[PDB]
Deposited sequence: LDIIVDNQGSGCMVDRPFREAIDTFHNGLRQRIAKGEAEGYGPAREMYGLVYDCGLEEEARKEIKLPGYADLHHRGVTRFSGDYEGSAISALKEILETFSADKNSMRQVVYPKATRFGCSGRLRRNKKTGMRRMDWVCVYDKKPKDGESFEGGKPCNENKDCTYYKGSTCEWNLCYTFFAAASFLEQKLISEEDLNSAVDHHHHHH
């Protein structure tokens, strides 16, 4: 499992933060695909989230002007936290707390989301938002299919490569 990156330098957030949030996201999703994340239910077809610098740039607009991402029909998650130590360990913790927010986790874990980007700002407090390309609906079921081993096991989107039992597409347009 490693970060899969799409496009350029709307990626302003430093590697270790970016990789911490990405590994948290795709780490969970991978366990849920394998049906082995406690509390999340039966194995299923899961797309990995491609880290998208464009979507990180939208996340940054979203912090600057709340409501922005919804205008573009995006999923959004938010996580914050006061802290005092290293900004990097604070974030590690904030995510753990964030993982106990059942509403937020619905977006994090949505099998038909295929890309995301997050941005954060320091005020000592940190605020992060993530933008996702597909937002689940309330009551929408997440179960279905099976965890990919070969590319053919990916049904949701057309041009998908299976890797680490996660399906990846770069064209879910």
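Which parts of the deposited chain sequence are absent from the coordinates, listed in sequence order?
Seq positions lacking coordinates: 1, 125-131, 182-206.
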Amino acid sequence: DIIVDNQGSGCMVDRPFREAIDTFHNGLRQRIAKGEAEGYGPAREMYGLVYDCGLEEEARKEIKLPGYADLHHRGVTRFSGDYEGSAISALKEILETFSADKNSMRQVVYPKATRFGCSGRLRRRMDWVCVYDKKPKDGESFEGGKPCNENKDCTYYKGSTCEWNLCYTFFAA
From here on, numbers count along this sequence of modelled residues.
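So which stretch wins on mean C-alpha B-factor, 150-158 or 15-23?
Mean B over CA atoms: larger for 150-158.
Residue stretch of maximal mean CA temperature factor, 36-44 vs 62-70:
Of 62-70 and 36-44, the stretch with the higher C-alpha B-factor average is 36-44.
Among 106, 112, 124, 115, where is the Cα temperature factor highest, going by the PDB entry?
Across 106, 112, 124, 115, the entry lists the biggest C-alpha B-factor for 124.
For the chain shown, is the CA B-factor of residue 169 in the lowest, middle or highest third of its modelled residues?
Lowest third - that is where residue 169 ends up once the chain's C-alpha B-factors are sorted.
Pull the Cα B-factor of residue 100 out of the PDB entry and bin it into the chain's lowest, middle or highest third.
Residue 100: CA B-factor falls in the middle third of its chain.
Modelled-residue ranking by C-alpha temperature factor, third containing residue 76
Bottom third by C-alpha B-factor.
Would you check the entry's CA temperature factor for residue 30 and let me know if it's in the chain's lowest, middle or highest third?
Residue 30: CA B-factor falls in the middle third of its chain.
Please say which third, lowest, middle or highest, residue 140 falls into when its CA temperature factor is compared across its chain.
Its C-alpha B-factor, which the entry lists for residue 140, ranks in the middle third among residues of this chain.
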